[PDB]
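What follows is the residue order along each chain.
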Amino acid sequence: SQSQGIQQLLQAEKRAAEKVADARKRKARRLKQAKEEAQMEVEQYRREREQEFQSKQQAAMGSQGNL
Amino acid sequence: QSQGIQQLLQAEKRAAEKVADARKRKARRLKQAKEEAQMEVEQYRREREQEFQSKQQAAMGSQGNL
Amino acid sequence: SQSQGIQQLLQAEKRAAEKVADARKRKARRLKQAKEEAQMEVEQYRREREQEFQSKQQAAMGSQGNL
Amino acid sequence: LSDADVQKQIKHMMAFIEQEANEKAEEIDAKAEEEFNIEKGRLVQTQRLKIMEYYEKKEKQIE
Amino acid sequence: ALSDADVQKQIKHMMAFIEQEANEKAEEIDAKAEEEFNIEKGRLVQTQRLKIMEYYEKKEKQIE
Amino acid sequence: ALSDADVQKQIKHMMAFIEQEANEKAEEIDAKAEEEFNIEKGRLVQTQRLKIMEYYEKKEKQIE
Amino acid sequence: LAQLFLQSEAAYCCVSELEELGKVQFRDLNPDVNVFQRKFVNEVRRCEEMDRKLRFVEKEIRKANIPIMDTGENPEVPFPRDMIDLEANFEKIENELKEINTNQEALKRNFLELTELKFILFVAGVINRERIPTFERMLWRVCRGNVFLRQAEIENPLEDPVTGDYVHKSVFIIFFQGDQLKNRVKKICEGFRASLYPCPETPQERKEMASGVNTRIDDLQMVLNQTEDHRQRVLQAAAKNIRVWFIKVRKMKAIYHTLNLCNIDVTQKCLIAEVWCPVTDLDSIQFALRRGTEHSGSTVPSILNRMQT
Amino acid sequence: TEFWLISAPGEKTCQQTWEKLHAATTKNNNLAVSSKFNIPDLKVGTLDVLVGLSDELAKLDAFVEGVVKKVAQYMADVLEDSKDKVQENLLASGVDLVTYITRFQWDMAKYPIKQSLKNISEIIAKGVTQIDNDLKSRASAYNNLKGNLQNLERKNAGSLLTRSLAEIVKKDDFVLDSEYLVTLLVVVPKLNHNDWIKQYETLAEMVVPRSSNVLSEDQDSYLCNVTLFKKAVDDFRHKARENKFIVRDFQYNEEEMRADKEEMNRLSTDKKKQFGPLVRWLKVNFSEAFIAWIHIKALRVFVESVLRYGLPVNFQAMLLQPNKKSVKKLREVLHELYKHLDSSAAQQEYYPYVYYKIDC
C-alpha cells in the first residue's frame, strides 16, 4: 500500500503546484487589466484637458481681438 | 540639677561680664588712641603751616630784592 | 713511556702552531712589501709615460711648425 | 502498524499540504488585488501630474 | 554618701575657677586694648603726617 | 709482539706523519699568501699606472 | 690498562675490527664528559632516528605476516658514511608506506560511502537499524503520523564501514515539505545510528550521476588493490634489506658508542683508548689492528703502548 | 488543586459521553471532574508553523507559569489574599481555577480570535512580559520600603550599648547652652549601679554636687547622665573605663532626633500607603496573569492536538480533576480509551491524548 500513499501525496503536491501557478497567473492577468484600465482613465483625462485647451484658446482669441 | 545650674549660671554671668567689659574697653581705648593721634598731627600741621607761611613771605622778599 | 710520547706530540703541535702563526706574519710582511713595490712601480710607470709625452711633444712641435 | 495507520498518516500528509496550499494561494490573490490597486494608483498619479504640468505651462504661455 | 561640706566646697571651687578664667581673659583683653590703641595711633599719625609733609613739600617747590 | 724498539719505531713513524702534515699545511698557507700577493699587486699596479696614464693623456689631448 | 693512540679514521676502522673480534675491554677516558661533550651525539642521534624508523617499518612488516627469512649478509658489517643516505632511502619507504596506508584508509572510507550510494540508488537508504523501533517512535513523537515512511532493505549487506561486519540493513526515508521537520529529523538521525545524508531524487539525472560515481569508485578500488599489492612487494624486498641493514646499523651504533668512550687528542685529531687484555689477546689484537688499519685508507700505525698501571 | 489537560481525537460526538458518561472509559468511572474547554475556532497555517508554535508556546508557557509563581510569591510576602498555608493557587478574574475552568473560554480580551497564531502568541507574550516588568518595579519599591523601614525600627531598638537614644533621652535631661559644662552619658553595670551613683563623683576634678541622676534603666545596665567641666571630659571617661563603665559621648540634638522620628514615621506611612494600592494592583495583575496562563496553555493543547491528530479540529478535550489515589485508574482508563484508537507511536513523551499538568 506504500505505492498508493506515494501516488496520493504526489497528487496532492501536484494540485498544490497547479493552484499556486494559477493564482500567480490570475495575479498577472489582473495586473495587465489594471494597466489597461489605468490607461483608459488617463485617456479620459487627456480628452478633458484637450477640450479645456480648446476652450481657452478660442476664448482668448476672441477676447484678445475685442481689446 | 538646680544647684549645678545655678552655679554655672553665676559663673557664666561673671565670665561673660569680664570679657565683655574688656572688649568694651578695647574699643574705647582704640577710639581714644585715634583722637589723641589726630590732635597731635593737627598741631604738627599747624606748626608746619606757620613755617611754610614764614618761608613764603621770605622767599618773595628775596626774589623782590634781587 | 706513553706519557713521553704524548708530551713529544704536544711539542710537535706547539711547533706546528708556531710555524703557521709565523707564516701569517710573513703573509702580512709580504703584503706590505707588495704595496711598497707597487708604489715604486707607479713612479717608474709615470717616468716612462713622462718620457713618451716629452718625445711626442717635441715631434709635435716640429710637425706643427711645418707645412 | 496496520494499513489503517498508514492511510491515516497519508490523510495527514495530504491534509496539511492542502491546507498550506489553500492558505498561500488565498494570501497570494488578496495581495495581488492589493498590488493591482497600488500599482494602478501609482501609475495614474504619476502620469496625471506630468500631463498637468504640460497643460499648465502651455496655458501660462497662452495667456 | 557625702556630706554637705564636701560637695559645697567643690561647687564653690568650680564657680571660682570659672570666675578666675574670666578675670584672666579680661586682663588679657585690656593688655591687647593698649596694644591696639598704640598700633592704631602710630599707624594713623604717621600716615597723615606723611600726607602733610608731601603736601607742604610740593607747596614749597611752588613757592620757591 | 713488539719490543721497545718496535714501539719506538712506530712512534717515530707517527711523528714523521705529523711532520709531513706540518709541511703540507705550511705549503698550503704560503701558496695562498702568494696568490693574495699577486692579486693585490696586479690590481694596484694597473690602478695607478692608469691613473697617471689618464692624466698624461688628457694633457696630450689638450696639446693636440 | 695499555693505551693506544691513533687517528680517528684509523680508529673508526679499528673499532670495527675490534668489535667483531670481541676480545677488547675498553675503559672510559672521560668520566666527566656527557654524550653532548663526547661529540658523538650527532652520529648516535642519526643512528637512533634511523633505528626507530626501521623499527617502525619492521613492525608494519611483521603485522603483514611477511616471510622474509633474514638469512645472512649481516656478517659483512660495513659502516660507510653513506649509511646516512641509505637511511634516507629507507626513510622514504617509511614515508611512502605511511602515506599509502593513510591514503588507503581514506580510499577505503570513500569506497564504503560509495558502496552505500550503490545501495542508496528504487532507493535503499542506509541505517544501522540497531533500534529502529525507537528511531521510528522518536520520529512520531516530534510529529506522529504526518508523512509516509518508506521502507527499503539491502539484500546481503557487506561489512559495516564502522562495525566491520555484515548485518541486514533497512531504511525508512521520509520526504518533508517543512524546514522545521527537516532540521528535526536531521538532529534525530544524527543521534540515531543512521546514514541519511544525501537528498533523494527521482529525476533520471541523479540516477546517471550515481551510476557514474558507482563506476568511478570501482576504479578507485582497483587502484587501491594495485597500490596495496605494490606495497606488499616493496615491503618484502625492504624486509630482507632492512633486517640485514638493521643489524648492520645496530653494529654501527655500537661502534659509535665505543668511539664515544675515549679521549680526544688536542695535538692531532686522534683518540687514545685504554683496553685491558691478556698478552694472548694483545698479540691477536696487534694483528687485528694491522687488519683494521689496512681496511681504512690511511693505514695509520696505531701504536698501542703497554702500561703497568 | 491539580488538573490534567487532555485532548482526544474527538472524531465522534460520542466521545464526550465516552469521555464523561460511559463508566468503562469515563475518567475514574465518571467520578473525576471533566469539563470541556471552550476554544475559539482557530487555524494552523502550515506544519512548519505548527511546530514552531509548539516550541514557542512551550517556552512561553513555562515563562508565564514562572511569572505567575513570582507574583504569587510576592503577594505571599505581602500576605494579601494568599499565604503559604492557604490560598496558594491564584484566582482567575477573582475566582478559582475550578470555577474558571467550569466557564473556560478563550478570551478575546487578551487576543482577538481572528488573529493568526503568531500574532496571538505574541500578544500574550507581550502581555506577560509587561506584567513581569511591572511586578519587578512594584516589588522593588516595596522591598525597598520594607527594608528601609525595618532598618529604622532596628536603629532605635536594642540594648543600651547600641540602641538609638532617640526614644530614651529627653530635652529635659540636659542643661543646654551652658557656658562651661558638658554632659557625658555612662552605662553602668547593674552590679555597680549604686557604686556609680557614688563613684562618679570622684572620677574627675571640678564636678558639680548633686547634679547626677538616673536617666533610664535596663535589665543588664543603667543609663545615667553627668554634667561636668568640659576639660574633665577626658578624665571622667578614663576613670569610667577603669571602673568598667561604658561611657557614650552623646550631644543632645533636638533637630536630629526629631528629624529621625519624622523620617521613620514618613517611611512607615508611605510604605502602608503604597502597600494598599500595591497589593490591590498586584492582586489584579496576578489574576490576569493566571488567566493568561490558562489561555496560553489551552492554545498549546490546541495546536498540539492539531499536530497529533490532524484535521478537522473537533477534538474531545477534557479538564480532569483526579480523585485521590485514582491516578492509576485514571491512566488505565484513558489508556484503554484512546490507545486502541490511534497507534503504538504514542507518559512524559508518548501519551494517548494531549495532557498538561495544571499546578494549582
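Residues numbered from 1 in each chain as written, not as in the entry; some residues may be left out. Chains lettered and ligands numbered in written order. Heavy atoms only, no water. Residues with missing side-chain atoms left out of burial classes, pairs and counts.

Per the deposited record, determination of this structure is attributed to cryo-EM, with the resolution reported as 5.7 Å.

**Overview of the overall build of chain D**
Helix and strand content of chain D: one helix and zero strands. Taken over the C-alpha trace, chain D has a radius of gyration of 27 Å; the compact-globule value for 63 residues is 11 Å, which it surpasses by more than 25%. With the C-alpha coordinates of chain D rotated into their principal frame, the extents come out at 90 × 10 × 5 Å. (Helix = DSSP H or I, 4+ residues; strand = E, 2+ residues; numbered from the N terminus. Rg over C-alpha atoms; globule rule 2.2 N^0.38 Å.)

**Side note on the overall build of chain H**
For chain H, the count of helices and strands is eight helices and eight strands. In terms of C-alpha radius of gyration, chain H reaches 35 Å, well past the compact-globule figure of 21 Å for 360 residues. Considering only C-alpha atoms, chain H reaches an extent of 105 × 40 × 30 Å along its principal axes.

**Things to note about the sheet that holds strand 1 (residues 3-8) of chain H**
Residue and element names in this part refer to chain H. One open sheet accounts for four strands, arranged 2-7-1-8; its pairing is antiparallel. Looking at which strands have only one partner, the edges of the open sheet turn out to be strand 2 (33-36) and strand 8 (354-358). When strand polarity is set aside, the average angle formed by the axes of neighbouring strands in this sheet is 20°. The sheet contact formed by strand 1 and strand 7 (residues 316-321) spans five bridges and is antiparallel. Bridging from a neighbouring strand, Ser7 pairs with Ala317 of strand 7. (Pairing = 2+ DSSP bridges. Axes fitted to C-alpha atoms, helices over the stretch in contact; angles between N-to-C directions.)

**Quick word on the pairing of strand 7 of chain H**
Where strand 2 of chain H and strand 7 of chain H come together, four bridges link them in antiparallel fashion. Within the sheet, the bridge partner assigned to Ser34(H) lies in strand 7 of chain H and is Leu320(H).

**Notes on the domain arrangement of chain H**
Think of interface size as the accessible area that goes away when the parts come together; that is how it is often given. In terms of domain boundaries, chain H breaks down into domain 1 (1-38 + 313-360), domain 2 (39-161 + 252-312) and domain 3 (162-251). Between the C-alpha centres of domain 1 of chain H and domain 3 of chain H the distance comes to 80 Å. (Domains from an automatic or database assignment.)

**Some words on the packing of helix 1 (residues 2-65) of chain B against helix 1 (residues 4-63) of chain E**
The N-to-C vectors of helix 1 of chain B and helix 1 of chain E enclose an angle of 10°; their axes lie 8 Å apart at closest approach. On the basis of their axis angle, the class for helix 1 of chain B and helix 1 of chain E is roughly parallel. Counted together, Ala11(B), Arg14(B), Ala15(B), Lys18(B), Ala22(B), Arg23(B), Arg25(B), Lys26(B), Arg29(B), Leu30(B), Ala33(B) and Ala37(B) of helix 1 of chain B and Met15(E), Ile18(E), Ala22(E), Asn23(E), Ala26(E), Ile29(E), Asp30(E), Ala33(E), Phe37(E), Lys41(E) and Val45(E) of helix 1 of chain E form the full contact between these two elements. Partitioned by chemical class, the residues of the contact of helix 1 of chain B with helix 1 of chain E number 14 nonpolar, one polar and eight charged. (Parallel < 35°, antiparallel > 145°, perpendicular 65-115°, else oblique. Contact = heavy atoms within 4.5 Å. Nonpolar A, V, L, I, M, F, W, Y, C, P; charged D, E, K, R; others polar.)

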